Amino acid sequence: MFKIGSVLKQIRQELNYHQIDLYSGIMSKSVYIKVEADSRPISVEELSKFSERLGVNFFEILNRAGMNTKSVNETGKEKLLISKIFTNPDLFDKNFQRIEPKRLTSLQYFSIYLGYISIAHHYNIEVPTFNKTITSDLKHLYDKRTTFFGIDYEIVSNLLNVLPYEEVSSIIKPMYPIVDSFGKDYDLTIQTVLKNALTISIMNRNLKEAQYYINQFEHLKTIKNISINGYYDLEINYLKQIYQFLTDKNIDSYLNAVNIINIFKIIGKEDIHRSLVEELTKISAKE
């Protein structure tokens, strides 16, 4: 449902290439004219070949064609809707009623579902259907899995925000270690689980588990092609730094942890800095 041909045309003309430079040794003129007209759908193989001819990145051409946004399909709309509802809760009930039953259709809907549960939990909205099903749900979705996709690591990241660690950990363990990268998004979610769990394990003083997560994150850094998140790398190192303060009780590591958090302020991540300062004070007591 995207005008790729129009973007090819756009780029081709911008680079002063002639139609011939593009279709020759790939398809007929009259056919390529139909691609730029966006009347004939284009193959991935074909687009890949055109990307080479122009010298413009394959994925960039896709973004320009309209894949960069999330509004491309139902699921994305719904995922953007989360923000709206988070800030404007009165819109919860109406939406949750539409989402809740669809939760086990695609891994994508399930992520959204967990999102709604988080909104509920935050504003003390009653969610009885949740506590009655999550277990059977996760057992449905995961009891027979072998490999894990970006969305799975997303789900689990979110799941950790609505279930006690002791219920989620059995699911996390099989999903690590990571051996390869499958995009910047896959990169994000695999990192998020680690970040989230390391947080929780420190909060709860499960230092043995907490180390596992630190070590897992370090391993990520060794993967070829993996796109480590800069802000994550900072947050996890703070948590690592706190781990070292809890285990070796040496005060230097605490200060490092503080100095890391501060750097967030110094680079204008104002609200993230606030959230961290609260969490550090919280750590130095309980959760």
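Residues carry their position along the shown sequence, with the first being 1.
As listed in the deposited structure, the average C-alpha B-factor of 99-107 and of 155-163 is greater for 99-107.
As the entry records it, the average C-alpha temperature factor is higher for 114-122, out of 114-122 and 203-211. In the PDB entry, the Cα temperature factor peaks, among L141, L194, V179, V168, at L141. Comparing the C-alpha B-factors of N131, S71, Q216, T189 in the entry, the top value falls on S71. When the modelled residues of the chain are ordered by C-alpha B-factor, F59 sits in the lowest third. Sorting the modelled residues of the chain by their CA temperature factor places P41 in the highest third. Ranked by C-alpha B-factor against the other modelled residues of its chain, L280 falls in the middle third.
In the deposited entry, the Cα temperature factor of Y231 sits in the middle third of values across the chain's modelled residues. Per the deposited record, the Cα B-factor of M175 falls in the lowest third when ranked against the other modelled residues of its chain.
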